[PDB]
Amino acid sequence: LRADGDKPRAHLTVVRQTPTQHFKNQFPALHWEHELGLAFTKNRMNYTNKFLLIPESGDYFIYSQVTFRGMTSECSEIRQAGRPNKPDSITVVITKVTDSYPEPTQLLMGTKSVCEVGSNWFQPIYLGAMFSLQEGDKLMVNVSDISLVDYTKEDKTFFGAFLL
């Protein structure tokens, strides 16, 4: 009953990531599923090698959730008479890459300190906001540690975007 359904849209879901070697200050981009299950891309919105390609200039709502999981470090142990230690952390950043502009722009960042006292831990980081994007722009999701990303379920780790 409408014609605004021709707007670029995409919902991508996590897939097994390929273990890569990187420096602490490096944030690997995630690989996504774009056609199977709940994943999809329509109306010219295309997915290609970690990037979501913007086909039309306009304001887009961009979102992503990344569930992290891992064994509890020793952040919580037996310190001194009141001298704890720095906590670990996890981070998700949604980045925008423009061909005319080399240096990527960080649009969203979700960062959390981690220092649990249990056997193991897990938690999601959700991010969502509206940005003005240009045709040709490319979006990618970077995380602090690929090995901590839960890639098991399409409903726990995803990334999507739509033209408003």
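One-based numbering along the sequence shown.
Chemist: Are coordinates for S76 absent from at least a third of the other PDB entries that model its neighbours?
Modeler: Residue status for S76: gap in at least one third of the other entries.
Chemist: Note whether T152 lacks coordinates in a third or more of the other compared entries that model its flanking residues.
Modeler: Comparison shows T152 kept in all of the other entries.
Chemist: If you average the CA temperature factors as listed in the entry, which stretch comes out higher, 107-115 or 44-52?
Modeler: So the stretch with the higher mean C-alpha B-factor is 44-52.
Chemist: Mean CA temperature factor from the deposited coordinates, higher in 123-131 or in 30-38?
Modeler: Per the PDB record, 30-38.
Chemist: Quick one: classify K153 as lowest, middle or highest third of the chain based on its Cα B-factor.
Modeler: Middle third.
Chemist: Sort the modelled residues of this chain by their C-alpha B factor and say whether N85 lands in the lowest, middle or highest third.
Modeler: According to the entry, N85 has a C-alpha B-factor in the chain's highest third.
Chemist: Among all modelled residues of this chain, ranked by Cα B factor, put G58 in the bottom, middle or top third, i.e. lowest, middle or highest.
Modeler: Lowest third, going by the recorded CA B-factors of the chain.
Chemist: Grab the CA temperature factor for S144 from the record and place it in the lowest, middle or highest third of its chain.
Modeler: It falls in the middle third of the chain.
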